Structure formats: structure tokens, C-alpha cells
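Participant: Chains as they are written, first to last, in the deposited numbering: chain Q, 1 to 241; chain S, 10 to 110; chain U, 12 to 78; chain T, 1 to 79; chain E, 50 to 147; chain P, 2 to 380; chain C, 1 to 109; chain W, 4 to 62; chain R, 1 to 49. Note that beta-carbon positions come from the ideal geometry of N, C-alpha and C, so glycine has one too.
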Amino acid sequence: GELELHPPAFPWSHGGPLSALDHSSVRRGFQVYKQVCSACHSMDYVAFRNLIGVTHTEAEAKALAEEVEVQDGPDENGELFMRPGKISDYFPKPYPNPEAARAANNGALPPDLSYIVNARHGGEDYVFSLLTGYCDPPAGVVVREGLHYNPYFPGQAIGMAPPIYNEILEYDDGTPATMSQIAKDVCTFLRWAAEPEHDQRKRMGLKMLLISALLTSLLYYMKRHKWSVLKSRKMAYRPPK
Amino acid sequence: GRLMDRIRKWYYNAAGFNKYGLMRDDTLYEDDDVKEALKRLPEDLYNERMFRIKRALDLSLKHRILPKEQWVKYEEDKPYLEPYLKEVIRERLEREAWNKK
Amino acid sequence: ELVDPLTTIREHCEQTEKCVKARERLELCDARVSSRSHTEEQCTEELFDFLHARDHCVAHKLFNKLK
Amino acid sequence: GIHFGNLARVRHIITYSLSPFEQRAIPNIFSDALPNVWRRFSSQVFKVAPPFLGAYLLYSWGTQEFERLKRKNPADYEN
Amino acid sequence: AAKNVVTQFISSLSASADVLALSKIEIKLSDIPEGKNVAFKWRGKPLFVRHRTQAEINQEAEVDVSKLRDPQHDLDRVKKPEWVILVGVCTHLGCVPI
Amino acid sequence: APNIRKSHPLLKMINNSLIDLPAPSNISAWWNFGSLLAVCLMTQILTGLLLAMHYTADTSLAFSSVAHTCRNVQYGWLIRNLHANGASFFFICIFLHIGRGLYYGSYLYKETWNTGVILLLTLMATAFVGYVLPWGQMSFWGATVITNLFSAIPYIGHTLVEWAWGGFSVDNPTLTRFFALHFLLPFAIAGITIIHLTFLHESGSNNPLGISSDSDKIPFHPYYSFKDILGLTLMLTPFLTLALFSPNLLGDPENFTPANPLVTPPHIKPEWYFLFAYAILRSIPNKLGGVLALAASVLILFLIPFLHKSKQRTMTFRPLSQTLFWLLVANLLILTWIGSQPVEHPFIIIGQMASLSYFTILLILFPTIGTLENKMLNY
Amino acid sequence: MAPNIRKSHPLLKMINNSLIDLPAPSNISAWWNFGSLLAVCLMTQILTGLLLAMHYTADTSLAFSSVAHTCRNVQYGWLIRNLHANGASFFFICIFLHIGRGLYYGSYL
Amino acid sequence: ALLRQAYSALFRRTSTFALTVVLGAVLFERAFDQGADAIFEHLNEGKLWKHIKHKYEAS
Amino acid sequence: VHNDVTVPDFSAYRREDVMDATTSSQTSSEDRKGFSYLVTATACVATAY
Ligand code: HEC
Ligand code: HEM
Ligand code: HEM
Ligand code: HEM
Ligand SMILES: C/C=C(C)/C=C/C=C/[C@H](OC)[C@@H](C)[C@@H](OC)[C@@H](C)CCc1oc2c(O)c(OC)cc(OC)c2c(=O)c1C
Numbered sequence: 001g002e003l004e005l006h007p008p009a010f011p012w013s014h015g016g017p018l019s020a021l022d023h024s025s026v027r028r029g030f031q032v033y034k035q036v037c038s039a040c041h042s043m044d045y046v047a048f049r050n051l052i053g054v055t056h057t058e059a060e061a062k063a064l065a066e067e068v069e070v071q072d073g074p075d076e077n078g079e080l081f082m083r084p085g086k087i088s089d090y091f092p093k094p095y096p097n098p099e100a101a102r103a104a105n106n107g108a109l110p111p112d113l114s115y116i117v118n119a120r121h122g123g124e125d126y127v128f129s130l131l132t133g134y135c136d137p138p139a140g141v142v143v144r145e146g147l148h149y150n151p152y153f154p155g156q157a158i159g160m161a162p163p164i165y166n167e168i169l170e171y172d173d174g175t176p177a178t179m180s181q182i183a184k185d186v187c188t189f190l191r192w193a194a195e196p197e198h199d200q201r202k203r204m205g206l207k208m209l210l211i212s213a214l215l216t217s218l219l220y221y222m223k224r225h226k227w228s229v230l231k232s233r234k235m236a237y238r239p240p241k
Numbered sequence: 010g011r012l013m014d015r016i017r018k019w020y021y022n023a024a025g026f027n028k029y030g031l032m033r034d035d036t037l038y039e040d041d042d043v044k045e046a047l048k049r050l051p052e053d054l055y056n057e058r059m060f061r062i063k064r065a066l067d068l069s070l071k072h073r074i075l076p077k078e079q080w081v082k083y084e085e086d087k088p089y090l091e092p093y094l095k096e097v098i099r100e101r102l103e104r105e106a107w108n109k110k
Numbered sequence: 012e013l014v015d016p017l018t019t020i021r022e023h024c025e026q027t028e029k030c031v032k033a034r035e036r037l038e039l040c041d042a043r044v045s046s047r048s049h050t051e052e053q054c055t056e057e058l059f060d061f062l063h064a065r066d067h068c069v070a071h072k073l074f075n076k077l078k
Numbered sequence: 001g002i003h004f005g006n007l008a009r010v011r012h013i014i015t016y017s018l019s020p021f022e023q024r025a026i027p028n029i030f031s032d033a034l035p036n037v038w039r040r041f042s043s044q045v046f047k048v049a050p051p052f053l054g055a056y057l058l059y060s061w062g063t064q065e066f067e068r069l070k071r072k073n074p075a076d077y078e079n
Numbered sequence: 050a051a052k053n054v055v056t057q058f059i060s061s062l063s064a065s066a067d068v069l070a071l072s073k074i075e076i077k078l079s080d081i082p083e084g085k086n087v088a089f090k091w092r093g094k095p096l097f098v099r100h101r102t103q104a105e106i107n108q109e110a111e112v113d114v115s116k117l118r119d120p121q122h123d124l125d126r127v128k129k130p131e132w133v134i135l136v137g138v139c140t141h142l143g144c145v146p147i
Numbered sequence: 002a003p004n005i006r007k008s009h010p011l012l013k014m015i016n017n018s019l020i021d022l023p024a025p026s027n028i029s030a031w032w033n034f035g036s037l038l039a040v041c042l043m044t045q046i047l048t049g050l051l052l053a054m055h056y057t058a059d060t061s062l063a064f065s066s067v068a069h070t071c072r073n074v075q076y077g078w079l080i081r082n083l084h085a086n087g088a089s090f091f092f093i094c095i096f097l098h099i100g101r102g103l104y105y106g107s108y109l110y111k112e113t114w115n116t117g118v119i120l121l122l123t124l125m126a127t128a129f130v131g132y133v134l135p136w137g138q139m140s141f142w143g144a145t146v147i148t149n150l151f152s153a154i155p156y157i158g159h160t161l162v163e164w165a166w167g168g169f170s171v172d173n174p175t176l177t178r179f180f181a182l183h184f185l186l187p188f189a190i191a192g193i194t195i196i197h198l199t200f201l202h203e204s205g206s207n208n209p210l211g212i213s214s215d216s217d218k219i220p221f222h223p224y225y226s227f228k229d230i231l232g233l234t235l236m237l238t239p240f241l242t243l244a245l246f247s248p249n250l251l252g253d254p255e256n257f258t259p260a261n262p263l264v265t266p267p268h269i270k271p272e273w274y275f276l277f278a279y280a281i282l283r284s285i286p287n288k289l290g291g292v293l294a295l296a297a298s299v300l301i302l303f304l305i306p307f308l309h310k311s312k313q314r315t316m317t318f319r320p321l322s323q324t325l326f327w328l329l330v331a332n333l334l335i336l337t338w339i340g341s342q343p344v345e346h347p348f349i350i351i352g353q354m355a356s357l358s359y360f361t362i363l364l365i366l367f368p369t370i371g372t373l374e375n376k377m378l379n380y
Numbered sequence: 001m002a003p004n005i006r007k008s009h010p011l012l013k014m015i016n017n018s019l020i021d022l023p024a025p026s027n028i029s030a031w032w033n034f035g036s037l038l039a040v041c042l043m044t045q046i047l048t049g050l051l052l053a054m055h056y057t058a059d060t061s062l063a064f065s066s067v068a069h070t071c072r073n074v075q076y077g078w079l080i081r082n083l084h085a086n087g088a089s090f091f092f093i094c095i096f097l098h099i100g101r102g103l104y105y106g107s108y109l
Numbered sequence: 004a005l006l007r008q009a010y011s012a013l014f015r016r017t018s019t020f021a022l023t024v025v026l027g028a029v030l031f032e033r034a035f036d037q038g039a040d041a042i043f044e045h046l047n048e049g050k051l052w053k054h055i056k057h058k059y060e061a062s
Numbered sequence: 001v002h003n004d005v006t007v008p009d010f011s012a013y014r015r016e017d018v019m020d021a022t023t024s025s026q027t028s029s030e031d032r033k034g035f036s037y038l039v040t041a042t043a044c045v046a047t048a049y
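1. Could you check if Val40(P) is buried or exposed, using at least 16 other CB atoms within 10 Å of its CB as the buried criterion?
2. Per DSSP, which one or two residues make a beta bridge with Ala236(Q)?
3. Run the proximity test for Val118(P): is its beta-carbon closer than 7 angstroms to any non-hydrogen atom belonging to ligand 2?
4. List, in chain order, every chain T residue whose beta-carbon is nearer than 9 angstroms to that of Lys226(Q).
5. Shortest alpha-carbon distance to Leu6(W) belongs to which of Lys33(R), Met19(R), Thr6(R) and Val7(R)?
6. Pair every Cβ in the segment 120–139 of chain E with every Cβ in the segment 236–251 of chain P, then say whether three or more of these pairs are closer than 8 angstroms.
7. Roughly how many whole angstroms lie between the Cα atoms of residue 169(C) and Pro10(P)?
8. Determine, using beta-carbon pairs with one atom in the segment 24–34 of chain U and one in the segment 76–87 of chain S, whether at least three such pairs fall under 8 angstroms.
9. Would you check if the distance between the CB atom of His197(P) and the CB atom of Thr127(P) is smaller than 8 angstroms?
10. Near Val162(P), what residues of its chain come up, given a Cβ to Cβ distance below 8 angstroms and the 5 sequence neighbours on each side ignored?
11. Using DSSP with H/G/I as helix, E/B as strand and the rest coil, what is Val133(E)?
Here you go:
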């Protein structure tokens, strides 16, 4: 109703101003997106090449790419046609248009996750709390047919069913696929997805502060120096007698 | 009565322009009337006002004030311009009334 | 087979001072609402106060157990 | 364009200054600097702080009050 | 000369000719169960079609029609008392009313 | 001849305004914003051009082009950040600039002040259309609301809205004309800034003490060139810290959602630098009043000069005025707070008070206290 | 003080200083008219240009057609585009004659 | 006496001063950039693709 | 008369190496200047970076 539950603040390893993203966990999150979320969520602004050098090796990325049939053309006869994926392609849209997506989700439209953490107050803290925060409605609350209860979602009746549960997949790195473990990895992924610069952005900040300190200092000395002439300046009124 | 008379002394210390060594008249904003007045000031008075001001500006750039011992005392404030200024404004008003006449 | 550290800690947390009183406050609401027919109240508020206190706790160590 | 030379009429004022290289850029940091920083702080805090401190409260009140009105009044269902 | 050049240039700002003027839209009153409102894309800005339960239908016909900013009776506004249709655009500064 | 610094038709100018320019020996930090403001303008224009190189004024491409800029263009993300945050530091600085002017009676330099107001107003409009360019939810609805403000004008009004949109609703024709308008204005700002400084140089800088400084002037260089550079570096740290560490801090996350012509977000708040005015307009529960209030909330700056009753120029020696001043600053701080809050109690009433408060401190209290203070000086 | 406000005002002092009281040879011919035409061309281009930029779309896939739309749908868009296109030419016509005059009369000095 | 030598040989002549700033930046750059990255990478061990890398690399 | 004019005392500000009124300030000059110019040179290097 007019009441909402704001999420808590988890200590993400990248929360700190000098704290990079845990690429291992980002690699993981990818899998979660690929093998679970992608079925209904589009990530239009990311491409397989973006993974290269971040979470995957070039080969791995090329591989992941080819696993998808892409529509190209027209050809010589002006025909469209399928073809393997290229590292240049973007992550596959599960539906050709919102109307279709909605059609396949009770009229509910799964948003594109490319910029999700920044499109919602709370970011990963919110996305995480939502993914795990599913539960039964409190007394007096009837969740319309089709919608599921989730106290963290505004209105508490969301259209998405709990996407994850223990062992819904198997991290090829050997990480215990517990539900929250998953949420933690995909959220970490959704952060990188919304801002790959994230790491460099912060490395720069570091250099920035250092220089800014060194330089603001040297310039404070310089400003003072020149001004001393005036600061210590002494004067007197010696009228004629 | 002697109410605002002490009120005044309070305000005078509250304003604080004396911590700079200025008289009430020194701080006057120089509009037309004041500029005309300043012109009539005998030289000593004018040269003195200048120094007071120049010293205050130096104090300001320095971010300092005079030692408490040199601050002007409410009752020792000389309204060296006040009178001249009166006349100037008096003079002007006449011309004005006369020209509308 | 496996155990999500999320549940493990959610339990431990519900033992907590606040939760307990919140949990209790909630049970109370639920009870009278679940009973009283043709009513108008809800237990969102209590559920939230509970959840809020619980998860706040959860989110304080849960990650230690996660990779 | 040029202003330096007209400005004003001044008489009998002597000034003394030293090359920036004969003095210190930041001197008497304790015997003089800070003491005045405090002086200044002191003299303005009672003029500035009040209205802000005030608004501050107005914030907390209005905030808390708005939030209070969120919570439910049990007296509405004790029927 | 001036008046004409200004005229022309000023009107180069107004709506262009590709700015059509389209028709209707049919809507099955069954997709809109009682007690619900639904928005449909139309002529640009939204379009509401709400199935009113008589629980509301009363209130809307039972209010000081003299104490209204824009005085009108719920009756002379719509046609079928269980359905209310209007253009979902706040008359203030254009936002979509929730 | 003699030197080519005072004779050359062009240098004679750089030297005439940034080297031999006489300046009061006592101007404080509150005088550093003039140049920071200038630097902001330059910085905005520069990062802006850089961004405009990768933008695409089209509803169907605007949002994604910005995305591509950040994701594909080398340092595109940085440039967009500096541009987005620069806008804020532009307002931060302009606001302090305005404050200083009120506190020290700089407004007595009428032409300099008036043009200053034009600058603020233009900066406002500029930042508005600019924000509409990424075409996110906020962009769209902000566009919708602000342009709609003019519908408040009797008879015509609407007809003016048509122009603003180039249609009968916000759409592409609007986006493209806005991109043009945004590209243009910065320069009209730079231009007017020249007129600003020109009128200013007629009189020269005012100073904290509010008394003639002819008895003590100093060449702009190296005194204020050096002071200014120092000032810049100080403003630079927070700006970059914010830009590099907390990029979207000052920005709404609601604008990461492509404009949806059919859905106004439930929580829609104006950019922080507009909140105070936004607040004042929400207070009047009437269309036209609210607009007029809004207009007045900024246009009132033109009156300040005619509301000066003090016999002294600055508030340095006016303790009562000083308090009234800081009250006003907090009054705004309050209005800003209110702007971020939903139209509900106790917020609504508080807002209305602050609003009523605001116009009163400016139209009534200030001139009054000034008169009162004059009498206390025995003038 | 300055009597008239035409020679004193910080701004008018300029319009008057360059377009009213500006001393000019009594004999300059038609070959001296291009300076202002050039200036008028600049103004006209900028103006018609802004007008066109309001309907343009910098994108390979849309540029050509946006211009077509400007001409075909925008009121007087065809006229504005024409004036902008031909203005460009009269801009060069004029600049070329301006340059000529300069060379013939030794203005390059 | 560095200050004397420095002054005498670098800061005095406007030219040598300029060349010294050029030369300076050069050395400073290398130094700074390396150390900065060092500090960053250290504060973020095992989290960078630099660190993870080898697990999916060659041999 | 101009004979009764003295330059005030600047010890509260003088650099430690030119405080003694009986020592050639010249010997410490190269350092006083070398140091300040070093600050500047450094600032240039920083900005250059
Ligand atoms: C079966 C399709 C499906 C899958 C798979 C799925 N979602 Fe969703 N998701 C949806 C739908 C439907 C909604 C829209 C709910 C609404 O807005 O009413 C949604 C909404 C969301 C939202 C929040 C919308 C909001 O307003 O807060 C996020 C965040 C989200 N999903 C994340 C995920 C993530 C991450 C995954 C993979 C771990 C995932 N989803 C997998 C269907 C799905
Ligand atoms: C793009 C916007 C603006 C820029 C870049 C700008 C720049 C400047 C500059 C460089 C100065 C001189 C240094 C200083 O005193 O700060 C100045 C002075 C001044 N400006 Fe602005 N200004 C802008 C807007 C305004 C605004 C909005 C106002 C107020 C409505 C204004 C009023 C003044 C006044 C009154 C002075 C006199 C300063 C004094 O007291 O000596 N300016 N401005
Ligand atoms: C008065 C100086 C300027 C101000 C105040 C300003 C402000 C803004 C603002 C607030 C936005 C939205 C930022 C966001 O995405 O959140 C914006 C966007 C933009 N501005 Fe400016 N701008 C200025 C100058 C310029 C100029 C001169 C150009 C280029 C000729 C430019 C080009 C752009 C572009 C391309 C965008 C849209 C894409 C984006 O959001 O990054 N701006 N500007
Ligand atoms: C120095 C003055 C200018 C010159 C010499 C000039 C010249 C040109 C030329 C030759 C073209 C191609 C015309 C054609 O379609 O055959 C053109 C097109 C265009 N110009 Fe300009 N232009 C000027 C100023 C401007 C300005 C200031 C703007 C707007 C900010 C502008 C906007 C455009 C646009 C939108 C087009 C492309 C569409 C079209 O061809 O009509 N121009 N301009
Ligand atoms: C083509 C160009 C045009 C038409 C230019 C118009 C210029 C108008 C003014 O500049 C002078 C204007 C910017 C200025 O008014 C003084 C602002 C303080 C008004 C601030 C403002 O912002 C909002 C906003 O940002 C929103 O989205 C995040 C949403 C909003 O409400 C729902 C508002 C709003 O209700 C107001 C009053």
C-alpha cells in the first residue's frame, strides 16, 4: 500500500571507493544470467566481446557467442537467415518485442537488465533482497492470481516467480549453488553489466585523489608565497607637522 | 528615552566596524550625496579617513582586526561627515523642489 | 543435500531480541485478522517490522558464509 | 581601459613590504594563524548556526511526523 | 516582406504535415473486469477505460456538484455507469494520473 | 610601444582584464566563484561538444546513443559523467555566486547584477533541455511538465506549447529542436558573460568591507590569478571525487528507464538544483498561481537592488541583516528538502510556510531591518 | 559627464562607435558593400541553419530522409533549406568579390 | 646543497626550468602510474581478471 | 622629517636564514629561491601530468 520495506546494506566486495569488482563472482553471475534470467530478461547493451578480458578468455567468449543462432541478411535473394553468433553480437533478446514478452508472462513485462541496478533505488542491495525476499502474504493481504508475494517489491505483488532456488544450476567452478550464493553472484554481475568502467573508474579516482592532494598543496604554498608581500605588509600615517 | 541611547551603544559594538578602526562615517556607502560630502571635507579629515580605510582594507586582506585596545569607543566616534552630508542633501532637496516648481 | 547459509542464519537471527518481539507482534496480528471475518485490517506493518529487523541481521554476516 | 593612476588621491601613507623570498609563506601557524581561525569562527557561529540548527530540527520533526503517520493506529480495529 | 518572412519562419516550428489525425479503437469490455482500470495507447497520450463497481458508482453520483472546480455530474460525463472513459492526462501540466 | 602588452589590439585586452586589472586587496574566497563559473561554462561546452559528437537526436535512438557513448566510445563514460556532474557544480557555484552578491551588496552594480540574472535564467533553461536529451523517464516527463508551464499564459499559452514541442505532444520534433537549443544556449551564455564582466569592469570588483578600495588596489596578476587557480583546484576535488567515485549520487536513477509516454513514474522529482522552485510552485494549489509563484521565485532577483535600504553596502557590519540572511539560506535549504518529499502532511504545510517565508524575507524583512539598522546607527 | 546616452552607455557606445559615428572615406564604392553582405550572409546562414538543425537527424540511416521530411512535411521547410543551400553560394560569391576588391585596392596592406 | 645546486642549475634559467619540468613529468609519470596501479591491485588481490586469468588461459 | 622614518621589524616573518641583521642574506638566497622555485617546478610537473 502506502508502506514499503527498504532493503538492508550488504557488504559487497566492490562497495568501497577503492574496491574493485570480484571478477570471479562476476563470471559466476553471468552464468546465472545466461542459464536462468536470460529466458525472460534482455540485456541489450552487453555483447560477448565485453566478457573478454573481464570474466572470460577470448576463446570462451567466442564459444558462448556461437551457442546462439542470430538472424542476419538479407542475402542475395533478399532473404533473412540464421547464422552462428559472433563476439560482436549482443546478448539475445528472449522476445521480439514487449508485447510478445508480456504475452509470455501474464501481461507482466520483464525489464531489460542492462542498467537494472542503476534503474532502481537500492541497486544490488535491492535486487538481492528481492530475489531472496520472497514469502507468503501477511494477514489481510490477498495477492491477485498470477502475482507472487514479495515484501521488497513496491506493492508487494510482483509478477515474477522466484527465479532461483538451490542447485538451479551448477557453477562450473565448484561453488555451492545455494540460492543466496546465486543471488549474490548475479547481483555482482548486474553491477558490472550496468557499468563496466566501474573498476577503472575507481582506479582513476585513486590517482585523482593523490594528484589532487599533491597539487592542491603545492598551489596553496604558491598562493601564500606571492601573497606574503601583502599579508605582512605594514603601513603608517605620517602627516606633516 | 535613554533606551535606544544604550541600544545604540549596543548596536555600535555589535556592528563591529570599530574593530577595524573605522568611524561610523567611514563605513558609509558612497552614493552621490556622500561623494559630494567627501569632497567638501577639509584635507586633514579627508587624509585621515583615507588612512583609516586603507588600514581597514589591509586588515581585511589579512583576516585580522585591531587589538581590542585600539578599537574605537562608541562615545569617541567622530561623525566627521554627517553634517556635510546633511547640507549636501538639504541643498539637493531645495534644487529638486524648486525645479518641479 | 545442501544448506543455504541464508536459512541457517535467518533462523539464528530470529532468535534475536527485536525479531522475537516483532515476530510475536506479528503472530498476534495474523491471529486476530485470520480469525475476525469480514474485517479491514492487514499485517503488512508487523511483517515489515519483523522482516526489517530479521534481514538487517541476516545481511550483517550472511556474506561471510557466501563465496 | 587603464585604471592604475587615477583611482584616488592619497597623502602621507608609508608602507613596508618584503620580497616573498625573504619571508615565510605560512608563518606563526599557532602563535597567530589558528588563534584567529578560532576568533573568526567564534564570532560568526552564533549568527550562522541558529537558522541552520533550527531548520535542522524542522527537518527531523517533519520527517518523523510524516513517518509516524505511516504506522497504524490499533484503535481502528479493536472493534 | 518582414511580416511574411516572420510568419513563415514562425510556422516552421508548428506541427508538420506528417502529423496525421487517426481514428478510433475497439475495446472488449470483458478484458476489463469490474473494479479495474486499464490504459491503452491512443492518439499519443493514454486512454482510460474503467469498469466501476456500483460501490463507487454511488459516491461519484453522490457529491456536491456545486463544490466542483469544473462542475459536472458523473452522469453527463459517461454513458454506462459501470464504465468510465477519459484521456489519462492531468489537466495541470500533463503527467499521467495514477 | 613601449611594451606590446598595452598596445596590441588583442593583448591590450587580456592585459586589460586579466593582468593589470585593478582589484581590491581584500576580496575573499566568495569572489572565486566568478571564475569557477566561467571555468564551468568552458568545461561544460567542451565535454558537451565531445558528447554531442556521439549523440543522436531521435526518440528511437537518443537513449541508446548515450548508452553507446558510455559503453563504446573511449572514455565516453568519463566525459558523460563530467558533463552530468559539471552541470551540478555549475549550479553549486552559481548559487554561492548569487549568495555572495546579496550578502555584500554587489547588486548595487545594477547592469552586472541584471545580466547576472539573465545568466541564471539562461543556465536554467539550458540545463533543462540538456537533461531532456538522454530521453529517460525523467527527461520525458520533465520536458512534458516544464514546457507545459507556459500553458498557464492566457489565450496564447498553448500556442506557445505547440512551438516548444513542434507538435501536440512531446515527441521527436521536440527532442531534435531541444538538442539544437541545448547546443546553442551555452554560447549565448558565454556571450552574455562577456557583457557581464564588461559592465563589471566599469566599476571594478566590490569588496567585503563595502567601502572604496581605491586606496588599495592590486594587479589581478599574480594576486588573483594565483588565488583563482588555487580556488579551482579546491572545487575540482569534490567534483572529481563525486564524478569518479559516486557518479550517480546527485542523479535520479529513475532516468535509466527509457521514456514511456504512457506512464509517469510514481516517484518523480526535479533535478536537485530545481527543487526549491519546484517546492514553491507545488505550494499554491492553483495552476496559474503556482506558475506565477515559480516565475516570481526567480524573477524577484531583479528587485533586490530596489530593496536596498541600508546606508551601508554590505552586511559585514549589520548583525541583524546577517541573521536574516542565514535565515533565508536555511529557508531555501528547507524548500529544497520539501521539494524531495511527496505532496503530503506535514510536508505540504511546511512547504507553504517556507514559501510564504521566502518572499517575505526578501520583500519585507530585509528592507525593513535595513531601515531599522540605519536608525540604530543614528542616521 | 557625457551628455547623450549614445556616446556614454557601455553598449551603445559600441553600436555608435562602429555603425553610426564611425568615420568612413567619402569615396568608398560598391566594392565596399560586400563586407556587410558577408556579415548578412553569416547571419542568414546561422539563422536558416538553426531552423534546419531543428529537423535534422545526424545518422546515416536517417540523415537523407530527415532532410527530405524537412522539405516535404515541415511548413516552409523547403524554402528554408533552399535559402540555406543557396545562401552558402551567395556567401562564396560575396566572399570572392570581397577578396577581389582587397587585392585590387591594396587593402591587404 | 641541492636547493642551491637545483636553483643554480635548473630553476634559475627559464629554459633549464622548462626542460626540468618536461623531464620531471616524464620520470614522475612512470613512477606515479606504476605505484598507483600497484596500490590499487594490492588493495584488490585475487579479484581482478589479472588474478583470475590463468584458470582459463593456456598452460 | 624623512630622517625619523625607519623600516619596521620583520622578524616575525623573516625566513630563519635571513633573521640575523649582521649576516649576508646573499649566501642563503640560492636556497630560499631554490626551494620556492622547486615547489613551483613540482606543481608544473603535477599539472603537466
Ligand atoms: C520466467 C521469466 C523470468 C525469469 C527467468 C527471471 N525473471 Fe526477473 N522478472 C520477470 C517478470 C515478469 C518481471 C516483472 C514483474 C513486474 O514488474 O510486475 C521481472 C522483474 C524483475 C526485476 C525487478 C522489477 C522491478 O520493478 O523491481 C528484476 C530486478 C529481475 N526480474 C531480476 C531477475 C534476475 C536477476 C533473474 C535471474 C536470476 C530473473 N529476473 C529471472 C520474469 C523473469
Ligand atoms: C554563467 C554565469 C556567471 C558567471 C560565469 C559569472 C562570472 C562573474 C565573474 C567572473 C565575476 C567577477 C569575480 C567575482 O566577483 O566572482 C562576477 C561578478 C559579479 N557577478 Fe557574476 N557571473 C555569473 C552569473 C551571475 C549571477 C547569476 C549573478 C547574480 C544574479 C551575478 C552577479 C554578479 C555581480 C553582482 C558581480 C559583482 C561582484 C563583486 O561584488 O565585486 N553573476 N561574475
Ligand atoms: C551551459 C552548459 C551546459 C550545461 C549546464 C549542460 C547540461 C547538461 C545536462 C544537465 C545534461 C543531461 C546530463 C545527463 O545525462 O544526466 C546534458 C546533456 C547533454 N549535453 Fe549539455 N550542458 C551544457 C553544455 C553543452 C553543450 C555546449 C553541448 C554540446 C554542443 C552539450 C551537449 C550535451 C549532450 C550531447 C547531452 C546529452 C547526452 C548526455 O546526457 O550526456 N551540452 N547537458
Ligand atoms: C557558415 C555558415 C554556414 C554555411 C556556409 C552553411 C552551409 C551549408 C551547406 C553548403 C549545406 C548543405 C546544403 C545542401 O543541402 O545543399 C548545409 C547544410 C546544413 N546546415 Fe549549414 N551552413 C551554415 C550554417 C549553419 C548553421 C549555423 C547551422 C545550424 C546550427 C546549419 C545547419 C545545417 C543543416 C541542418 C544542414 C543539413 C540539411 C540540409 O542540407 O539542409 N548550417 N549548410
Ligand atoms: C524550449 C525551452 C523551454 C520551454 C524552456 C523552459 C525554461 C523554463 C525554466 O527556466 C527558466 C525552468 C527550467 C525553471 O523555472 C524557473 C525550473 C526551476 C523549473 C523546475 C521544475 O522542474 C521539474 C522537473 O525537472 C521535473 O523532472 C525531473 C518534473 C517537474 O514536475 C513534475 C518539475 C517542476 O514542476 C518544476 C517547477
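Facilitator: Let me lay it out:
1. buried
2. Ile14(T)
3. yes
4. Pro20 and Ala25
5. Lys33(R)
6. no
7. In the structure displayed, chain C extends from 1 to 109; residue 169(C) sits before or after that span and is not available.
8. Inter-segment contact for the segment 24–34 of chain U and the segment 76–87 of chain S is absent: fewer than three beta-carbon pairs are separated by less than 8 angstroms.
9. no
10. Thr148, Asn149, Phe151 and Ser152
11. strand
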